[PDB]
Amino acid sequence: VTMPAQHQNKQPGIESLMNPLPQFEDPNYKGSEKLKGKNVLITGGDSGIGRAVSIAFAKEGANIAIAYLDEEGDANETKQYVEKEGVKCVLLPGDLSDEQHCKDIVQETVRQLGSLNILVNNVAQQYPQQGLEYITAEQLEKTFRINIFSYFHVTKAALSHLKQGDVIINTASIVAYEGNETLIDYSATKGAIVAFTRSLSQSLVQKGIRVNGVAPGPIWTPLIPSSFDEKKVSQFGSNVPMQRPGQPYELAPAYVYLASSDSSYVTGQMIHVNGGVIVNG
């Protein structure tokens, strides 16, 4: 029993309802201008991993545009932490399962921030089921529409604003590599993201645009209590070698590494931040 049994009825989950509250910030973390003056669009940056990435990026001197569905309280709080760092922050609520909106958040980021340098595709929804026979066509399509189609549409719109030295980071998952028997459709979307990352990296390498991914293991975020039942929530992260789930702040440095010139010779790759699970990486 790593975490207290709990569950939220609607997804996307709300961070402010969780106990304990995910740690999205490392108090000892010191920014060093790794992304100074850079303009970022992070989808799903209002909470969980996205929140921790937004704040770390702001600490590194980046201006952050945060897209999210409707978690206004969570998004505002994230905006407070971001602006505390003295950079610009824009909130872009809306449903990214709609192509047009995927285009709109990109246009809006460029209008308010002035330009776009770094795109972090990170939104997701997950609907556990005991087997394939319990996955309806409706859930299948919905899961793909937000998990992978949004990555295509937002990235596609961002391409007319990206130039040499710019970067794309996609949040995938350990399940793309290891599979998950109770998240078959979700896993398929994550495998799709991994192949997307690989192919797009090769497509944009000569344009000087790098494309990489982060594959988290079990991280304590609103996705967990809003998708899994209480029993499972209580044992979350107990399966990995470190015997604990990760906290969102533990993911941020991977994104900072991939987003900055620190990884100038890196494209088409995945950073596995998963508590010790070996994936032939």
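All residue numbers are counted from 1 along the displayed sequence.
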| query | finding |
| --- | --- |
| 85 to 93 set against 129 to 137, stretch whose average Cα temperature factor tops the other in the entry | 85 to 93 |
| Greater mean Cα temperature factor according to the PDB record, 24 to 32 or 224 to 232 | 24 to 32 |
| Which of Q164, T143, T171, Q202 ranks first by CA B-factor in the deposited coordinates | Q164 |
| Highest-ranked of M270, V273, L258, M18 once sorted by CA temperature factor in the record | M18 |
| Third assignment of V277 from its chain's C-alpha B-factors | lowest |
| Among modelled residues of the same chain, the CA temperature factor third for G179 | middle |
| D185, C-alpha B-factor rank within chain (lowest, middle or highest third) | lowest |
| Chain thirds of CA B-factor: placement of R51 | highest |
| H101, C-alpha B-factor rank within chain (lowest, middle or highest third) | middle |
